[PDB]
Amino acid sequence: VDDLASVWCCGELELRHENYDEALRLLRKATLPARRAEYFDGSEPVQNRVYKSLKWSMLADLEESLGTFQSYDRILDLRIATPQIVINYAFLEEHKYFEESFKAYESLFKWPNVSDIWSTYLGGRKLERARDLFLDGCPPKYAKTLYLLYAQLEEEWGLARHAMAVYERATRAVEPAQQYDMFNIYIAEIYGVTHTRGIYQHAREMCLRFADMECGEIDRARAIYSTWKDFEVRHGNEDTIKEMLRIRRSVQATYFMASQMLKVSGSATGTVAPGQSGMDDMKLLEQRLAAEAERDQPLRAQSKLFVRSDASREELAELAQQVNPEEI
Amino acid sequence: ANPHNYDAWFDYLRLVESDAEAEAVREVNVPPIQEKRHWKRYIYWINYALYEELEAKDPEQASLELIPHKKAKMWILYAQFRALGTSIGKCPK
Amino acid sequence: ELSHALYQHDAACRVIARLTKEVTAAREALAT
Amino acid sequence: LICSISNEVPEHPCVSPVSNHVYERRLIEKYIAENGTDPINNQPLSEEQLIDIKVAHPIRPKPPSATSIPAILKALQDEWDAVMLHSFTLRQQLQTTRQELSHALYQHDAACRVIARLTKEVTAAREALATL
Amino acid sequence: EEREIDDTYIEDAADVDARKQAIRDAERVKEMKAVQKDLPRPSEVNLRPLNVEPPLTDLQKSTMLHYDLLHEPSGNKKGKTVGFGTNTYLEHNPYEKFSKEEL
């Protein structure tokens, strides 16, 4: 109604002062955020139209003082506003001294800081850290600043200061980029090793393992040892260390996975401990399938090992068909 | 832990517990639980453990283990002509 | 002065790679 | 400044003549009356063996300062003994640089004979092939 | 159905490429510790191998113009293995020459 009256405002000053007394009355109703916030934005707007009238900053300071009298983060938005016009006024530092007077008196003003520090860059470091006394995007951004200045190690420190805060959730959002970057930098073992150690508390295992293989190897294999895709990887790296482990890996693997244990066992005994491996092929084929029947039939056919054991095998698989059909 | 913690006293008592903890392991180190189960059944009744241990062996290397447990003249004749044969020799002899 | 030798050491073994190519190109032309 | 038994600032310091250490008279006296021994080393000590702290005699002293001739001489030991270690940092690092220079100049002298032969061989292959 | 595996593999592949560039950048620069001088390169020539290392030094450092950035790891390893084949008595001749340069 004050807005429509403002539209109606020839004695605009009368309607404005009436809006002020209206603030005096409405204030009683407020016992605050958007009410106080619009109240401040409108009062300062009255001092803004007054500024257009050359009628204003002092009275604006008075209404802002009333905002100080208000009785909160939205009130900080009000402080952010008085500071906003105050900087738009042509006294940047003078207002910052005031918002600082408030925070030193002690948070809402910080959103204005992000509004300010974002362009204050164009030294700034302490200006930025003032935020840390009182927002991961902001953090990565700032580290990117120092990276642009190539302070490098200082930047890594920032990621140290972030992660002590946000815990295993947001910290991951920091940490994935922090790893990819710091590994990209120095590319000394013990320091980065420790860094993954701190880090560890899924992809982290993969970055870390990727590091270990090319900078102790078995140690890495122990780490992978320490889900199907993960099982598949380890087996790959173990194959990279040579063949023998991989057959060994599957035994770990067993405890859709049977398809993979079959996938490893296939070339295991198939290229062939070998008796334990063939009997294991039986144990796995029996573990849980017509292609597998083709497999056992192939193993039987390979011999230049007996129709009896073969018919017994098909009989056992038929028994598996029985136990399967018996299932509800 | 409570299933394994159930004491093996005598032969049938430990073999009864072997049925319990093996089913518990099955439903939920898969090889070491099978190995500790193999020693419990073998270290028991000795007459009835031939049909109890081997009945959950095919579900659980295979050829060698079956021949030791099954160990009669007719069984060797049936073998020469692999889990079903060891089962036939276990129940009869 | 040791660091000035290391640049020449690694710069020389780059210049041998181009000289080996000119020898490899020559051995192909001699065969034809 | 401290008493070794209690840990207080002793108001009547008396130094023992078996384990050289400044004890408070009232504290050490009770330690001797308990058993005739020195608290630290457990060597025999009596009350007459203990001796109060005194002004030396007739020679006047002055406090320990940087001016004092003996304190100034022990200072110049610290100067030279530290500078002697500064020389090791440069003698030891010189033995690594000259050892890496020796192997570097040997690899340079072993390699440049192969640059001289390839410049011969690649030009000889161009001299041979172009003529045909 | 891969998910966050291609991102892990792309980070692993981007990690591998950075390990190849840093090591093959320079032996002296990567290990441990000059002003630009085209007149010093002009004065030193006034012989061809000396000019090649001079341009190599001006390129890596980037009155100084940059340009050379196309001159890889496999060709250097075979070059290093070949020169090692060409190279008690060799240990004493290096110790004697090191004492001569020390004097």
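What counts, and at which threshold
Keep in mind that residues are numbered from 1 along each chain as the sequence reads, not by the entry's scheme, and that residues without coordinates are left out. Lettering for chains starts from A, numbering for ligands starts from 1, and both go in the order in which the items are written. In this view the chains form part of a larger assembly, and all numbers refer to the visible part. With hydrogens and water set aside, each side-chain value is computed from the structure's full complement of heavy atoms. Residues with missing side-chain atoms are left out of burial classes, side-chain pairs and their counts. Only DSSP runs of H or I reaching four residues or more are called helices, and only runs of E reaching two or more are called strands; each is numbered from the N terminus. Within these notes, the globule rule equals 2.2 Å times the number of residues to the 0.38 power, and the radius of gyration is based on C-alpha atoms. Whether two residues are in contact is decided by their heavy atoms: any pair within 4.5 Å suffices. For this classification, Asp, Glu, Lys and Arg are treated as charged, while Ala, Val, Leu, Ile, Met, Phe, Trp, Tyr, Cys and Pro are nonpolar and the rest, including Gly, are polar. Following DSSP output, two strands are said to pair if at least two bridges run between them. Interaxial angles span 0 to 180 degrees and are taken between N-to-C directions of axes, which are lines fitted to C-alpha atoms, for helices over the stretch in contact. In this scheme, roughly parallel covers angles under 35 degrees and roughly antiparallel covers those over 145, while 65 to 115 is roughly perpendicular and the rest are oblique. Should the near helix be turned counterclockwise from the far one by less than a right angle, the crossing is left-handed, whereas a clockwise turn marks it as right-handed.

K.L.:
For this particular structure, what's the right way to read the overall build of chain A?
P.N.:
Each helix and strand counted, chain A has 19 helices and zero strands in total. Taking 2.2 N^0.38 as the reference for a compact globule, 328 residues should give roughly 20 Å; the C-alpha atoms of chain A span a radius of gyration of 36 Å, well beyond that estimate. Expressed along its principal axes, the backbone C-alpha trace of chain A runs to roughly 115 × 55 × 30 Å.

K.L.:
It is not clear to me how the overall build of chain C should be interpreted in this structure. Could you clarify?
P.N.:
Within chain C, the regular secondary structure consists of one helix and zero strands. Overall, chain C is about 50 × 5 × 5 Å in size when its C-alpha atoms are taken along their principal axes.

K.L.:
How do you make sense of the interface of chain B and chain A when you look at a structure like this?
P.N.:
When the parts of a complex come together, some accessible area is lost, and that lost area is often taken as the interface size. Every contact between the two is made by six residues of chain B and, on the other side, seven residues of chain A. Its residues assigned to classes, the side of chain B that touches chain A shows three nonpolar, one polar and two charged.

K.L.:
Help me understand the sheet that holds strand β1 (residues 13-15) of chain D in this model?
P.N.:
The strands that make up a sheet are held in pairs by hydrogen bonds between backbone atoms, and each pair lies either parallel or antiparallel. Read from one edge of the open sheet, three strands run β2-β1-β3 (chain D), paired in antiparallel fashion. In the strand order of this sheet, the two ends are held by β2 (22-24) and β3 (51-52) of chain D, each with one partner.

K.L.:
Please explain the arrangement of the chains as it appears in this structure.
P.N.:
The assembly contains five pairs of chains in contact; the pair sharing the most contacts is chains A and B. As for chain C relative to chain A, no contact occurs, and the smallest C-alpha gap between them is 22 Å. At the C-alpha level, the nearest point of chain A lies 21 Å from chain D, with no contact between them.

K.L.:
Sorry, what's going on with the packing of helix α1 (residues 2-31) of chain C against helix α2 (residues 69-131) of chain D here?
P.N.:
When two helices pack together, their arrangement is given by the angle between the helix axes and the distance between those axes. Contact geometry of α1 of chain C with α2 of chain D gives a least axis separation of 9 Å together with a crossing angle of 30°. As summarised for this structure, α1 of chain C and α2 of chain D are arranged roughly parallel, according to the angle between their axes. Between α1 of chain C and α2 of chain D lies a crossing of left-handed hand. Residues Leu19, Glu22, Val23 and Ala26 of chain C of α1 of chain C lie in contact with α2 of chain D, whose contacting residues are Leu118, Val122 and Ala125 of chain D. The residue makeup of the contact of α1 of chain C with α2 of chain D, split by class, is six nonpolar, no polar and one charged.

K.L.:
Looking at this structure, how should I read unusual backbone geometry?
P.N.:
Among all residues except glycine, the phi angle is most often negative; among peptide bonds, the trans geometry is most common. In this structure, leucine 54 of chain A takes a positive phi of about 60° despite not being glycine. Here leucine 54 of chain A shows up in the loop between α3 (34-52) and α4 (57-69).

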